[PDB]
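The block underneath contains the structure these notes are about, expressed in structure tokens.
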Amino acid sequence: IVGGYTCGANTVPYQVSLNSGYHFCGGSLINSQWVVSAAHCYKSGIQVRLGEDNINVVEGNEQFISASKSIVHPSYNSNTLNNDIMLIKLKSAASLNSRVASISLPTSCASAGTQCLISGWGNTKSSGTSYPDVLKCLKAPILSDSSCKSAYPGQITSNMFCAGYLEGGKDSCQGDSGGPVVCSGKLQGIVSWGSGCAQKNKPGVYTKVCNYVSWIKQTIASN
Ligand SMILES: [Ca+2]
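This is the structure in structure tokens:
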């Protein structure tokens, strides 16, 4: 997250870190056994880390649980990032409490101008590289369809939306991928892609979660 702020320990209790001997992506806990992330974060050997703030210090509150299933959307396209969504089943159920909690799925899609919360342990620099210890947060609005498409001609599908700031300086970034965009208590977005990060006129592009609610529920119910 570039241009964000320190969330504070366990203030985003649905935020998870996907770990493969190192933090590589975020995710969102949607029930005690299931995490939503990005398809482009897929790999085998995923360990899900819940209840994290400082990802480099064992603070108390952590639960480390291996992924038993990692399910990429069947129509995921790795060139366009259309359908950039993955469901991870946990080997055992997480223990839910104030510091480890699920986030609700949308009942409808959010609107342009709606303010959301984006979070992760990704790069904090628009030019170089700096990875934080603690979880970073950013408040960002959903942009209009047309603005998003003007920013990224021919690349925005109906399963994507733009959020953030056209002036530069405030965005998600590498290492935030798969993490949450929460608006009015609902998981509306997944950190997906963008041109660089926090670059002028290149806002963040997010997987549009409201299109996948039925797919999520059926996939969960079948597995
Ligand atoms: Ca920790």
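When the count follows the numbering used here, it moves up by one through the sequence shown with no breaks and lands on 248 for the last residue.
Quick reminder that beta carbons are idealized off the backbone N, C-alpha and C, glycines included.
A Cβ-Cβ contact shorter than 8 angstroms links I90 with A119.
For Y39, the CB contacts under 7 angstroms within the same chain, skipping 5 residues up- and downstream, are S53, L54, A126, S127, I128, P205 in chain order. Under the three-pair Cβ rule at 8 angstroms, the stretch 145 to 165 does not count as touching the stretch 67 to 74. Residue environment: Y237 is assigned as buried (16 or more neighbouring CB atoms within 10 Å of its CB, all protein chains considered). The Cβ atoms of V234 and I181 do not sit closer than 8 angstroms to each other. Under the 8 angstroms Cβ criterion, the stretch 209 to 216 counts as touching the stretch 139 to 152, having at least three qualifying pairs. In terms of CA proximity to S45, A92 leads the group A92, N56, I215. No heavy atom of ligand 1 is found nearer than 7 angstroms to the CB of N102. Assignment of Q72 by DSSP, reduced to helix, strand and coil, places it in the strand class. In this chain, the beta strand (DSSP E) harbouring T232 covers 229 to 233. Exclusion of the five residues before and after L121 leaves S57 as the residues of its chain whose Cβ lies within less than 6 angstroms of its Cβ. Taking a C-beta distance under 8 angstroms as the contact criterion, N148 and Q224 do not qualify as a contact pair. When C-alpha distances from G76 are compared across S123, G203, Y190, the shortest belongs to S123. Ligand 1 never approaches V238 closely enough for any of its heavy atoms to be under 7 angstroms from the residue's Cβ. When distances are taken from the beta-carbon of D78 to the heavy atoms of ligand 1, the shortest one is below 7 angstroms. The continuous alpha helix (DSSP H) containing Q243 extends over residues 238 to 247. If you check the C-beta of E192 against ligand 1, you find no heavy atom less than 7 angstroms away.
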